[PDB]
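What follows is one chain in structure tokens, specifically the form deposited in one PDB entry.
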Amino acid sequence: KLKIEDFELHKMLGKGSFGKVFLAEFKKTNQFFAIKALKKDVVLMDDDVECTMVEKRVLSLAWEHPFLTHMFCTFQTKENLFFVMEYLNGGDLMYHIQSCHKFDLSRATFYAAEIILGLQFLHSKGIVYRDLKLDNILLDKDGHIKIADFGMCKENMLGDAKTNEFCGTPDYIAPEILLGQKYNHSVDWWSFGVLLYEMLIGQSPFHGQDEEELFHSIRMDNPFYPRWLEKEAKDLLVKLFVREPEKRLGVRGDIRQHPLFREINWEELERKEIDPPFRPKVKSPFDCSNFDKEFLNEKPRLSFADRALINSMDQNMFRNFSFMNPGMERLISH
């Protein structure tokens, strides 16, 4: 017995076709959370039932690593699916990059390095992420990265294992996906290269007025590296933008030992003992300063649902959705 009525929803942090994200407090205990609220009819019509389940299962693994969004619990009603998360109020990287256009080399290097620790952890558990992009990297109050939105993940990718779904955000989609090849963790490293390029250069590496032109650019065009770019930043990007997956850095070699990361102790980084070069402005743990005001002004509200589609729905589609860590269990029982 855990319902959304138990949570007081203070503000709406984000919104989309998927659903909404709220800044939520539990039972007036000054204990804050972020709640991604989905509607089951939306999820059904979008064909994201398995994605929702993949999101829940991956987040059950994500507790063990510092640079993934941590999930306290999940639960469902007849209409709704709720992911009760930690509240990460640093702001995402897309938001931050809209303001300054470009990240300085130390700042980009730091983010790149923390993301590597995130991705390699997922790969080691047999999870390929497939939706790496700026707005899926959330910052915490101190400025370290947290990878978010695992609904596009693929599990059981250990050993000699491949998969075949055309997916990802267009700018980031790897050429092996575009070519219809079966793929492994390699895709994430091409996307990583795209993300790193955007951090450093402030524009995308590949371009087009439509997807056909954009996908062609990803298949064929040489990425532009400005004269001002640090030689090792160029080098890493080049070694990531290799179209043959099994020759790509991150699939082969050791990406940790690339000269760009010379000054990084990876044990220290992983232990959060390296102060981030950028620290976001955060007056409090309940601060909202780093979110867009279109969402924050719009008061929190749960949408109605297609009552016909829900009653007609296969009632056990979201079986095994409810998860509950022991920490949240103590908080609730008081």
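Only the largest set of C-alpha atoms that superpose within 1.5 Å between the two forms is called the rigid core. Just count from 1 along the sequence shown to find any residue number.
Missing here is the form deposited in another entry; even so, the following discussion is about that form.
Asker: Choose, among 268, 275, 64, 298, the residue with a C-alpha displacement of 2 Å or more between this form and the one not shown when the rigid core is used for superposition.
Answerer: It is 298.
Asker: Superposed on the rigid core, does the Cα of residue 34 end up 2 angstroms or more away between this form and the one not shown?
Answerer: It does not, since the residue 34 C-alpha is displaced less than 2 Å between this form and the one not shown after the core fit.
Asker: In the other entry, do the Cα atoms of residue 17 and residue 136 sit closer or farther apart than here, given a shift of 3 Å or more?
Answerer: Closer together, which means the C-alphas of residue 17 and residue 136 are at least 3 Å nearer in the other entry.
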